[PDB]
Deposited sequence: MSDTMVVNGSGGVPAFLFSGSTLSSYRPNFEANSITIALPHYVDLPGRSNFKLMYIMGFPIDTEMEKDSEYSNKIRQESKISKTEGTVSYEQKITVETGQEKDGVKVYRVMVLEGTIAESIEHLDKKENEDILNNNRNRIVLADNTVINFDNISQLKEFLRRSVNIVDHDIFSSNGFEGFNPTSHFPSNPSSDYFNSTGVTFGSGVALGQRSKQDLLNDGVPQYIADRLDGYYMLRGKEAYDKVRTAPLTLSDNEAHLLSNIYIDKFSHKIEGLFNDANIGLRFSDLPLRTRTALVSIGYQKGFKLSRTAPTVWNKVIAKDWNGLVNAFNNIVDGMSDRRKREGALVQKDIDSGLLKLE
């Protein structure tokens, strides 16, 4: 209580200031009610309901779900491990104002295991609210979920974009863009316009990109004929890696449109499921949502979240069930308190 309080190491974006083992008392810069006690050079975060000039007041619990939730991929977090009883809390700081990725890396270290396995783990967010985790594995999963711009498992699921690991040709004559269409893999990754070098630049591993030789730049009948005549089936692992690379790249185009609207939020401030819904509709209808799905985009820019649900539900495209799944993602976030309504 706490066990191994001084074990392991700490990643920190700030440091306090003749080697001293005496307690040192500092304030995190720019934060109210963030007060740290350094002992043995380790940051310790204490809370007490009783008044103290050496401790913080009890912090409010976050509404974010420890099982299903995320933190913005653009925000810094503080990760802590510790104990709490009866209006007194003592937590060793493992990560002080670090990135999600730095945190994932740091919390994977073996020297940290003992301290993380044997104490209560929590995240202290930028807003000074906290998320309390059942165990370290759950926290790690929360962080991994939070680095993603969209939820890839949802996006590639049957109800939305679908996933085919075998080279396929989405089109034909009567087209519907026959000679425009090209060999496609996983969830919509199309090679008609892309060289191997393009895939390499986007970070596709050499082994995958070499596998794709002969499918690059093929279009129309040559592409159909190639798919039918000499298909290639990637393993689910490689096809997902390829797909997620291109899904992320696309999602950044959507992110850029939304951020350029300058509405007082950044794309990263929207919860995961909502970001996923917007990327899903963009991927199917074309990325400029102001032109391609105006009812949706107007609700987004207005920050009217219930209205956005309704706009998804009201789209009549011949795709409508997928439009409704997208809306239901948004509704789930509203119900989770992640979209605050006026």
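Stretches of the deposited sequence lacking C-alpha coordinates, numbered from 1: 1 to 12, 30 to 34.
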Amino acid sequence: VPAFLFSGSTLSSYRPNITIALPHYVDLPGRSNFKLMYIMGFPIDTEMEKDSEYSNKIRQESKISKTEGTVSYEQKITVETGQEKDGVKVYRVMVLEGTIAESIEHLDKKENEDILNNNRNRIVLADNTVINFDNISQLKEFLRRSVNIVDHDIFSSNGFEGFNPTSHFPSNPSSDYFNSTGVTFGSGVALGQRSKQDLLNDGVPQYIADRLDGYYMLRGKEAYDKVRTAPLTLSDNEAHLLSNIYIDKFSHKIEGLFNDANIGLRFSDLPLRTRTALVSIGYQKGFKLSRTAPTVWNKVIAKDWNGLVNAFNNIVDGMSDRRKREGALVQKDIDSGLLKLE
From here on, numbers count along this sequence of modelled residues.
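With 207 to 215 and 145 to 153 compared on mean CA B-factor from the PDB entry, the stretch scoring higher is 207 to 215. Here the stretch with the larger average CA B-factor, out of 297 to 305 and 47 to 55, is 47 to 55. Based on the entry's C-alpha B-factors, the most elevated value among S62, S290, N33, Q284 belongs to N33.
In this entry, the residue among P165, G87, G98, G159 with the greatest C-alpha B factor is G87. Per-chain ranking of the deposited C-alpha B factor places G220 in the highest third. Per the deposited record, the Cα B-factor of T129 falls in the middle third when ranked against the other modelled residues of its chain. Among the modelled residues of its chain, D198 has a C-alpha B-factor that falls in the middle third, as given in the PDB entry. Ranked by Cα temperature factor within the chain, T229 sits in the highest third according to the deposited record. Sort the modelled residues of the chain by CA B factor and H106 lands in the highest third.
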